[PDB]
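J.: Here you go, entry11.cif (mmCIF, N, CA and C atoms):
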data_start
loop_
_atom_site.label_atom_id
_atom_site.label_comp_id
_atom_site.auth_asym_id
_atom_site.auth_seq_id
_atom_site.Cartn_x
_atom_site.Cartn_y
_atom_site.Cartn_z
N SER Y 22 -118.33 -60.81 173.93
CA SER Y 22 -118.85 -59.99 175.05
C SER Y 22 -120.38 -59.91 175.02
N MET Y 23 -120.99 -59.66 176.19
CA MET Y 23 -122.41 -59.45 176.26
C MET Y 23 -122.83 -58.19 175.50
N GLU Y 24 -121.98 -57.14 175.50
CA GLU Y 24 -122.26 -55.89 174.72
C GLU Y 24 -122.44 -56.23 173.19
N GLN Y 25 -121.51 -57.02 172.64
CA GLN Y 25 -121.60 -57.51 171.23
C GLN Y 25 -122.89 -58.26 170.93
N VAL Y 26 -123.26 -59.19 171.79
CA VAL Y 26 -124.59 -59.84 171.74
C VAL Y 26 -125.81 -58.92 171.70
N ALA Y 27 -125.79 -57.90 172.56
CA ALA Y 27 -126.92 -56.95 172.66
C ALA Y 27 -127.06 -56.11 171.36
N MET Y 28 -125.92 -55.72 170.78
CA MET Y 28 -125.86 -55.06 169.47
C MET Y 28 -126.42 -55.94 168.36
N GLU Y 29 -126.07 -57.23 168.42
CA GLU Y 29 -126.57 -58.23 167.45
C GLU Y 29 -128.06 -58.49 167.59
N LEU Y 30 -128.56 -58.50 168.82
CA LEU Y 30 -130.02 -58.57 169.05
C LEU Y 30 -130.74 -57.33 168.45
N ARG Y 31 -130.13 -56.15 168.56
CA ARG Y 31 -130.71 -54.89 168.01
C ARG Y 31 -130.72 -54.94 166.45
N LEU Y 32 -129.62 -55.40 165.85
CA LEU Y 32 -129.54 -55.63 164.39
C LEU Y 32 -130.60 -56.61 163.93
N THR Y 33 -130.81 -57.66 164.72
CA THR Y 33 -131.77 -58.71 164.40
C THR Y 33 -133.16 -58.14 164.44
N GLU Y 34 -133.45 -57.37 165.48
CA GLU Y 34 -134.77 -56.75 165.59
C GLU Y 34 -135.03 -55.69 164.48
N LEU Y 35 -134.03 -54.92 164.12
CA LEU Y 35 -134.14 -53.99 162.99
C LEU Y 35 -134.45 -54.74 161.68
N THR Y 36 -133.79 -55.89 161.48
CA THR Y 36 -134.00 -56.75 160.33
C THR Y 36 -135.43 -57.23 160.27
N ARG Y 37 -136.01 -57.60 161.42
CA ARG Y 37 -137.41 -58.03 161.48
C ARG Y 37 -138.30 -56.89 161.03
N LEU Y 38 -138.08 -55.70 161.54
CA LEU Y 38 -138.93 -54.54 161.17
C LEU Y 38 -138.75 -54.15 159.69
N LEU Y 39 -137.51 -54.16 159.18
CA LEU Y 39 -137.24 -53.92 157.75
C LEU Y 39 -137.83 -54.97 156.79
N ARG Y 40 -137.90 -56.24 157.20
CA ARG Y 40 -138.61 -57.25 156.41
C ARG Y 40 -140.09 -56.95 156.23
N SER Y 41 -140.74 -56.54 157.30
CA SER Y 41 -142.14 -56.15 157.25
C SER Y 41 -142.33 -54.84 156.41
N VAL Y 42 -141.39 -53.90 156.53
CA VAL Y 42 -141.40 -52.71 155.70
C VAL Y 42 -141.26 -53.11 154.22
N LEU Y 43 -140.32 -54.01 153.92
CA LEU Y 43 -140.06 -54.45 152.58
C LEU Y 43 -141.30 -55.10 151.98
N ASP Y 44 -141.98 -55.92 152.79
CA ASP Y 44 -143.22 -56.60 152.31
C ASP Y 44 -144.31 -55.66 151.96
N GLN Y 45 -144.49 -54.65 152.79
CA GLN Y 45 -145.45 -53.60 152.57
C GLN Y 45 -145.17 -52.74 151.33
N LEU Y 46 -143.90 -52.40 151.10
CA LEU Y 46 -143.48 -51.64 149.89
C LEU Y 46 -143.69 -52.45 148.63
N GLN Y 47 -143.34 -53.72 148.69
CA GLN Y 47 -143.46 -54.54 147.53
C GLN Y 47 -144.93 -54.82 147.12
N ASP Y 48 -145.86 -54.76 148.07
CA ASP Y 48 -147.29 -54.88 147.76
C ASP Y 48 -147.79 -53.69 146.96
N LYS Y 49 -147.08 -52.57 147.04
CA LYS Y 49 -147.39 -51.41 146.25
C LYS Y 49 -146.93 -51.49 144.79
N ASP Y 50 -146.42 -52.68 144.44
CA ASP Y 50 -145.90 -53.02 143.09
C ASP Y 50 -146.54 -54.33 142.65
N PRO Y 51 -147.90 -54.37 142.56
CA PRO Y 51 -148.57 -55.65 142.20
C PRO Y 51 -148.16 -56.16 140.80
N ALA Y 52 -147.88 -55.23 139.88
CA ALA Y 52 -147.30 -55.57 138.55
C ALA Y 52 -145.93 -56.30 138.54
N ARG Y 53 -145.21 -56.28 139.67
CA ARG Y 53 -143.85 -56.84 139.80
C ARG Y 53 -142.79 -56.26 138.84
N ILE Y 54 -142.93 -54.96 138.53
CA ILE Y 54 -141.95 -54.19 137.71
C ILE Y 54 -140.56 -54.09 138.36
N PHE Y 55 -140.55 -54.03 139.69
CA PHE Y 55 -139.33 -53.81 140.50
C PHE Y 55 -138.80 -55.04 141.29
N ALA Y 56 -139.41 -56.20 141.01
CA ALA Y 56 -139.13 -57.46 141.70
C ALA Y 56 -137.76 -58.04 141.52
N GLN Y 57 -137.20 -57.87 140.32
CA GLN Y 57 -135.93 -58.53 139.94
C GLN Y 57 -134.98 -57.55 139.25
N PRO Y 58 -133.68 -57.86 139.20
CA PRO Y 58 -132.79 -56.93 138.48
C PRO Y 58 -133.15 -56.74 137.02
N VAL Y 59 -132.86 -55.56 136.48
CA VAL Y 59 -132.94 -55.36 135.05
C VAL Y 59 -131.93 -56.35 134.39
N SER Y 60 -132.43 -57.14 133.45
CA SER Y 60 -131.56 -58.08 132.70
C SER Y 60 -130.59 -57.37 131.71
N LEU Y 61 -129.28 -57.57 131.87
CA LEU Y 61 -128.30 -57.02 130.91
C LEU Y 61 -128.35 -57.79 129.61
N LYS Y 62 -128.81 -59.04 129.63
CA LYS Y 62 -129.15 -59.74 128.37
C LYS Y 62 -130.26 -58.97 127.56
N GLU Y 63 -131.27 -58.46 128.23
CA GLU Y 63 -132.41 -57.78 127.54
C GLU Y 63 -132.32 -56.22 127.42
N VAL Y 64 -131.45 -55.60 128.23
CA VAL Y 64 -131.16 -54.13 128.15
C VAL Y 64 -129.64 -54.05 128.22
N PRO Y 65 -128.98 -54.35 127.07
CA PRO Y 65 -127.52 -54.48 127.11
C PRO Y 65 -126.84 -53.17 127.44
N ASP Y 66 -127.47 -52.04 127.08
CA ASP Y 66 -126.92 -50.68 127.40
C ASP Y 66 -127.15 -50.15 128.85
N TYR Y 67 -127.77 -50.99 129.71
CA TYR Y 67 -128.32 -50.49 130.99
C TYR Y 67 -127.28 -49.83 131.85
N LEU Y 68 -126.12 -50.48 131.99
CA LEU Y 68 -125.06 -49.94 132.82
C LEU Y 68 -124.34 -48.68 132.26
N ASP Y 69 -124.51 -48.35 130.99
CA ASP Y 69 -124.07 -47.03 130.47
C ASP Y 69 -124.95 -45.92 131.04
N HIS Y 70 -126.20 -46.25 131.37
CA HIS Y 70 -127.18 -45.31 131.91
C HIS Y 70 -127.19 -45.26 133.40
N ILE Y 71 -127.30 -46.43 134.00
CA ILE Y 71 -127.55 -46.58 135.41
C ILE Y 71 -126.33 -47.23 136.12
N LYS Y 72 -125.75 -46.47 137.04
CA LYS Y 72 -124.52 -46.89 137.70
C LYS Y 72 -124.66 -47.84 138.89
N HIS Y 73 -125.77 -47.73 139.60
CA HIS Y 73 -126.06 -48.57 140.75
C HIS Y 73 -127.51 -49.11 140.62
N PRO Y 74 -127.70 -50.13 139.80
CA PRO Y 74 -128.99 -50.82 139.71
C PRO Y 74 -129.48 -51.37 141.05
N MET Y 75 -130.80 -51.40 141.21
CA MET Y 75 -131.35 -51.93 142.43
C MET Y 75 -132.72 -52.49 142.10
N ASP Y 76 -133.17 -53.42 142.95
CA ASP Y 76 -134.44 -54.14 142.77
C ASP Y 76 -134.81 -54.81 144.12
N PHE Y 77 -136.03 -55.28 144.27
CA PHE Y 77 -136.49 -55.85 145.53
C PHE Y 77 -135.82 -57.19 145.88
N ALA Y 78 -135.45 -58.01 144.90
CA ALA Y 78 -134.79 -59.28 145.23
C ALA Y 78 -133.39 -59.04 145.81
N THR Y 79 -132.68 -58.09 145.22
CA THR Y 79 -131.37 -57.71 145.68
C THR Y 79 -131.45 -57.09 147.10
N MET Y 80 -132.48 -56.29 147.40
CA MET Y 80 -132.67 -55.73 148.74
C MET Y 80 -132.92 -56.85 149.75
N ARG Y 81 -133.75 -57.81 149.33
CA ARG Y 81 -134.06 -58.97 150.16
C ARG Y 81 -132.81 -59.84 150.48
N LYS Y 82 -131.90 -60.05 149.53
CA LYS Y 82 -130.64 -60.78 149.85
C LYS Y 82 -129.84 -60.04 150.93
N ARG Y 83 -129.67 -58.74 150.72
CA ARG Y 83 -128.97 -57.89 151.72
C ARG Y 83 -129.65 -57.92 153.12
N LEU Y 84 -130.97 -57.85 153.14
CA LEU Y 84 -131.74 -57.90 154.35
C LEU Y 84 -131.47 -59.19 155.11
N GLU Y 85 -131.57 -60.33 154.42
CA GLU Y 85 -131.41 -61.64 155.08
C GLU Y 85 -129.99 -61.95 155.52
N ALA Y 86 -128.99 -61.26 154.97
CA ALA Y 86 -127.64 -61.24 155.53
C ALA Y 86 -127.48 -60.17 156.63
N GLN Y 87 -128.60 -59.65 157.16
CA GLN Y 87 -128.57 -58.50 158.09
C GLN Y 87 -127.62 -57.40 157.64
N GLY Y 88 -127.65 -57.08 156.35
CA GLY Y 88 -126.75 -56.10 155.76
C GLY Y 88 -127.19 -54.64 155.84
N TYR Y 89 -128.38 -54.36 156.39
CA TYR Y 89 -128.78 -52.96 156.65
C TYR Y 89 -128.57 -52.60 158.16
N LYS Y 90 -127.61 -51.74 158.45
CA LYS Y 90 -127.33 -51.37 159.85
C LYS Y 90 -128.29 -50.31 160.38
N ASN Y 91 -129.00 -49.60 159.50
CA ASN Y 91 -129.96 -48.56 159.92
C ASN Y 91 -131.02 -48.36 158.82
N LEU Y 92 -132.08 -47.63 159.12
CA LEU Y 92 -133.17 -47.40 158.16
C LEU Y 92 -132.72 -46.53 157.00
N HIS Y 93 -131.81 -45.59 157.25
CA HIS Y 93 -131.23 -44.76 156.19
C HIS Y 93 -130.65 -45.60 155.02
N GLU Y 94 -129.88 -46.62 155.34
CA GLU Y 94 -129.29 -47.51 154.33
C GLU Y 94 -130.37 -48.21 153.48
N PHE Y 95 -131.40 -48.68 154.15
CA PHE Y 95 -132.50 -49.38 153.51
C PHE Y 95 -133.25 -48.41 152.60
N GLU Y 96 -133.60 -47.24 153.11
CA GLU Y 96 -134.16 -46.16 152.26
C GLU Y 96 -133.33 -45.76 151.03
N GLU Y 97 -132.01 -45.73 151.15
CA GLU Y 97 -131.17 -45.40 150.00
C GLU Y 97 -131.38 -46.37 148.85
N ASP Y 98 -131.44 -47.64 149.20
CA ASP Y 98 -131.70 -48.73 148.21
C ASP Y 98 -133.10 -48.62 147.62
N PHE Y 99 -134.11 -48.33 148.45
CA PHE Y 99 -135.47 -48.13 147.91
C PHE Y 99 -135.51 -46.94 146.94
N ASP Y 100 -134.90 -45.86 147.35
CA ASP Y 100 -134.82 -44.71 146.47
C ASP Y 100 -134.08 -44.96 145.13
N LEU Y 101 -133.02 -45.79 145.12
CA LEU Y 101 -132.37 -46.21 143.89
C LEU Y 101 -133.32 -46.88 142.97
N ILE Y 102 -134.20 -47.75 143.51
CA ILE Y 102 -135.18 -48.47 142.64
C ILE Y 102 -136.03 -47.45 141.85
N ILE Y 103 -136.55 -46.47 142.58
CA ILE Y 103 -137.41 -45.47 142.01
C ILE Y 103 -136.66 -44.54 141.07
N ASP Y 104 -135.55 -44.04 141.58
CA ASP Y 104 -134.80 -43.01 140.88
C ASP Y 104 -134.20 -43.53 139.60
N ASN Y 105 -133.71 -44.78 139.63
CA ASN Y 105 -133.12 -45.37 138.44
C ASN Y 105 -134.18 -45.50 137.33
N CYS Y 106 -135.37 -45.94 137.73
CA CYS Y 106 -136.46 -46.14 136.75
C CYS Y 106 -136.89 -44.80 136.12
N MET Y 107 -136.99 -43.75 136.94
CA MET Y 107 -137.39 -42.44 136.45
C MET Y 107 -136.37 -41.79 135.56
N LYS Y 108 -135.11 -42.23 135.61
CA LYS Y 108 -134.10 -41.70 134.69
C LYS Y 108 -134.12 -42.47 133.36
N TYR Y 109 -134.12 -43.79 133.45
CA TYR Y 109 -134.02 -44.66 132.27
C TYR Y 109 -135.26 -44.60 131.40
N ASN Y 110 -136.42 -44.50 132.02
CA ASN Y 110 -137.66 -44.52 131.30
C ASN Y 110 -138.30 -43.14 131.20
N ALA Y 111 -138.98 -42.89 130.08
CA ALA Y 111 -139.63 -41.58 129.87
C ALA Y 111 -140.92 -41.46 130.67
N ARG Y 112 -141.30 -40.21 130.90
CA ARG Y 112 -142.50 -39.84 131.70
C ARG Y 112 -143.81 -40.48 131.23
N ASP Y 113 -143.94 -40.72 129.93
CA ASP Y 113 -145.15 -41.34 129.37
C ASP Y 113 -145.26 -42.91 129.47
N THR Y 114 -144.35 -43.58 130.19
CA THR Y 114 -144.26 -45.00 130.14
C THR Y 114 -144.85 -45.60 131.38
N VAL Y 115 -145.32 -46.84 131.22
CA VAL Y 115 -145.85 -47.59 132.34
C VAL Y 115 -144.78 -47.78 133.45
N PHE Y 116 -143.52 -47.90 133.08
CA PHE Y 116 -142.47 -48.06 134.07
C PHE Y 116 -142.29 -46.83 134.93
N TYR Y 117 -142.20 -45.66 134.29
CA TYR Y 117 -141.99 -44.42 135.04
C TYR Y 117 -143.19 -44.20 135.95
N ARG Y 118 -144.38 -44.41 135.40
CA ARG Y 118 -145.59 -44.17 136.19
C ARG Y 118 -145.68 -45.11 137.37
N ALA Y 119 -145.25 -46.34 137.18
CA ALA Y 119 -145.22 -47.33 138.28
C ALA Y 119 -144.28 -46.87 139.43
N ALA Y 120 -143.14 -46.26 139.07
CA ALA Y 120 -142.17 -45.74 140.03
C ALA Y 120 -142.75 -44.57 140.83
N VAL Y 121 -143.44 -43.64 140.16
CA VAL Y 121 -144.05 -42.53 140.83
C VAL Y 121 -145.05 -43.04 141.89
N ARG Y 122 -145.89 -44.02 141.50
CA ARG Y 122 -146.91 -44.57 142.35
C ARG Y 122 -146.32 -45.31 143.56
N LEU Y 123 -145.29 -46.10 143.31
CA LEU Y 123 -144.51 -46.74 144.38
C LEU Y 123 -143.89 -45.74 145.36
N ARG Y 124 -143.31 -44.67 144.84
CA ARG Y 124 -142.73 -43.63 145.66
C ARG Y 124 -143.81 -43.00 146.59
N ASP Y 125 -144.94 -42.64 145.98
CA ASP Y 125 -146.01 -41.95 146.71
C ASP Y 125 -146.61 -42.81 147.81
N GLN Y 126 -146.90 -44.07 147.47
CA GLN Y 126 -147.40 -45.07 148.41
C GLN Y 126 -146.37 -45.54 149.43
N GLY Y 127 -145.14 -45.69 149.00
CA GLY Y 127 -144.05 -46.04 149.90
C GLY Y 127 -143.75 -45.01 150.98
N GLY Y 128 -143.98 -43.72 150.66
CA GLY Y 128 -143.77 -42.58 151.58
C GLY Y 128 -144.50 -42.74 152.91
N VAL Y 129 -145.75 -43.17 152.80
CA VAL Y 129 -146.63 -43.45 153.95
C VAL Y 129 -145.99 -44.48 154.91
N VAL Y 130 -145.54 -45.61 154.34
CA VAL Y 130 -144.98 -46.73 155.07
C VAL Y 130 -143.69 -46.32 155.77
N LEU Y 131 -142.83 -45.64 155.02
CA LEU Y 131 -141.54 -45.17 155.52
C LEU Y 131 -141.67 -44.09 156.60
N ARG Y 132 -142.74 -43.29 156.55
CA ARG Y 132 -142.96 -42.24 157.53
C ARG Y 132 -143.16 -42.88 158.93
N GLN Y 133 -143.93 -43.98 158.97
CA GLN Y 133 -144.22 -44.68 160.22
C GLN Y 133 -143.05 -45.58 160.66
N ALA Y 134 -142.37 -46.23 159.71
CA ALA Y 134 -141.18 -47.01 160.04
C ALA Y 134 -140.10 -46.13 160.73
N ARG Y 135 -139.93 -44.87 160.32
CA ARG Y 135 -138.94 -43.99 160.95
C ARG Y 135 -139.36 -43.72 162.40
N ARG Y 136 -140.62 -43.39 162.62
CA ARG Y 136 -141.14 -43.29 164.00
C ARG Y 136 -140.89 -44.57 164.83
N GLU Y 137 -141.19 -45.76 164.29
CA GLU Y 137 -141.00 -47.07 165.00
C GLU Y 137 -139.53 -47.44 165.35
N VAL Y 138 -138.62 -47.14 164.43
CA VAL Y 138 -137.19 -47.32 164.64
C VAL Y 138 -136.66 -46.37 165.72
N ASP Y 139 -137.09 -45.11 165.70
CA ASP Y 139 -136.74 -44.12 166.78
C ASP Y 139 -137.37 -44.53 168.13
N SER Y 140 -138.68 -44.79 168.08
CA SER Y 140 -139.48 -45.19 169.24
C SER Y 140 -138.90 -46.43 169.98
N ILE Y 141 -138.79 -47.59 169.30
CA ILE Y 141 -138.21 -48.83 169.89
C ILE Y 141 -136.70 -48.73 170.18
N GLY Y 142 -136.00 -47.85 169.46
CA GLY Y 142 -134.52 -47.78 169.49
C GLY Y 142 -134.03 -48.44 168.21
#
Give the structure from this file in structure tokens form.
T.:
Amino acid sequence: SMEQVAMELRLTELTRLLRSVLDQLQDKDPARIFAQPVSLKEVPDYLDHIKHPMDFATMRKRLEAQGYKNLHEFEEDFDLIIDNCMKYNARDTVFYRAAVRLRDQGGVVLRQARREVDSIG
């Protein structure tokens, strides 16, 4: 149906805007701390601590399969990246501090993306 097509065009356009959001968030991580999944070879206990691991490469796979139907879903995954790091790592560590900084800087980007998603539809 033409209705199905129009929905798919809207998903496609949301995906374009989320890719640009993703690029902007990831620039706030020049160290690349959050770029790839935590290795279970190198942190064998990780899944005893963290139940839903997340990272930017995994978000990017989901994005390119148009797997985010709304900005809320995409935000949940971004928040997992931050929140998981702040639980696993102590306050005095470069990892925890990197997460705080990403959260603070990411807030700005996400504030405007919510306006743009509402504004365009």
J.: What's the 8 Å shell around region 32-42 of chain Y, counting all atoms listed in the file, without same-chain residues fewer than 2 positions away, as a ChimeraX atom specification?
T.: /Y:26-30,44-48,81,84-85,87-92,95,130-131,134,138,142
J.: Can you measure CA of residue 66 (chain Y) to atom C of residue 83 (chain Y) for me? One decimal in Å is fine.
T.: 26.9 Å
J.: Please return the centre and edge lengths, in Å to one decimal, of a box with edges along x, y and z that contains all listed atoms of region 124-140 of chain Y, widened by 5 Å on every side, as lines of an AutoDock Vina configuration file.
T.:
center_x = -142.0
center_y = -44.7
center_z = 157.4
size_x = 20.7
size_y = 15.5
size_z = 35.1
J.: In Å, with one decimal, what is the gap from atom C of residue 22 (chain Y) to atom N of residue 141 (chain Y)?
T.: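 Those two atoms sit 22.9 Å apart.
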J.: Would you work out the distance separating atom C of residue 133 (chain Y) from CA of residue 102 (chain Y), expressed in Å to one decimal?
T.: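 Interatomic distance, atom C of residue 133 (chain Y) to CA of residue 102 (chain Y): 19.9 Å.
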J.: Would you pick out the contacts of residue 101 (chain Y) at 10 Å or less, using only C-alpha atoms, so that residues sharing its chain but fewer than 5 positions from it are not included, and give the list as a tab-separated table (two decimals) with N, CA and C atoms, in the frame of the given file?
T.:
chain	number	residue	atom	x	y	z
Y	71	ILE	N	-127.30	-46.43	134.00
Y	71	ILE	CA	-127.55	-46.58	135.41
Y	71	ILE	C	-126.33	-47.23	136.12
Y	73	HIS	N	-125.77	-47.73	139.60
Y	73	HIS	CA	-126.06	-48.57	140.75
Y	73	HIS	C	-127.51	-49.11	140.62
Y	74	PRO	N	-127.70	-50.13	139.80
Y	74	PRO	CA	-128.99	-50.82	139.71
Y	74	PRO	C	-129.48	-51.37	141.05
Y	75	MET	N	-130.80	-51.40	141.21
Y	75	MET	CA	-131.35	-51.93	142.43
Y	75	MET	C	-132.72	-52.49	142.10
Y	76	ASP	N	-133.17	-53.42	142.95
Y	76	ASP	CA	-134.44	-54.14	142.77
Y	76	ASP	C	-134.81	-54.81	144.12
Y	96	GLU	N	-133.60	-47.24	153.11
Y	96	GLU	CA	-134.16	-46.16	152.26
Y	96	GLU	C	-133.33	-45.76	151.03
Y	106	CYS	N	-135.37	-45.94	137.73
Y	106	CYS	CA	-136.46	-46.14	136.75
Y	106	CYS	C	-136.89	-44.80	136.12
Y	107	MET	N	-136.99	-43.75	136.94
Y	107	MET	CA	-137.39	-42.44	136.45
Y	107	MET	C	-136.37	-41.79	135.56
J.: Quick one: DSSP alpha helix (DSSP H) residues in chain Y, as number ranges by chain?
T.: Y: 23-48, 67-70, 77-85, 92-109, 115-141
J.: Using all atoms listed in the file, which protein or nucleic acid residues come within 6.5 Å of residue 55 (chain Y)? Drop anything in the same chain fewer than 4 positions from it, and give the result as a ChimeraX atom specification.
T.: /Y:50,76-78
J.: When you count only C-alpha atoms, which of these residues is closest to residue 67 (chain Y): Y:43, Y:109, Y:128, Y:100?
T.: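 Distance minimum relative to residue 67 (chain Y) lands on Y:109.
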J.: Which one is closest to residue 54 (chain Y): Y:116, Y:94, Y:86, Y:80? Count all atoms listed in the file.
T.: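 For residue 54 (chain Y), the nearest of the given residues is Y:116.
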J.: Hey, which of Y:103, Y:57, Y:93, Y:63 ends up closest to residue 124 (chain Y)? Count all atoms listed in the file.
T.: Y:103
J.: Select, from Y:49, Y:31, Y:82, Y:135, the residue with the minimum atom-to-atom distance to residue 123 (chain Y), counting only N, CA and C atoms.
T.: Y:49
J.: Here is a test: counting only C-alpha atoms, which residue of Y:137, Y:72, Y:97, Y:53 is nearest to residue 120 (chain Y)?
T.: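 Closest to residue 120 (chain Y), using only C-alpha atoms: Y:53.
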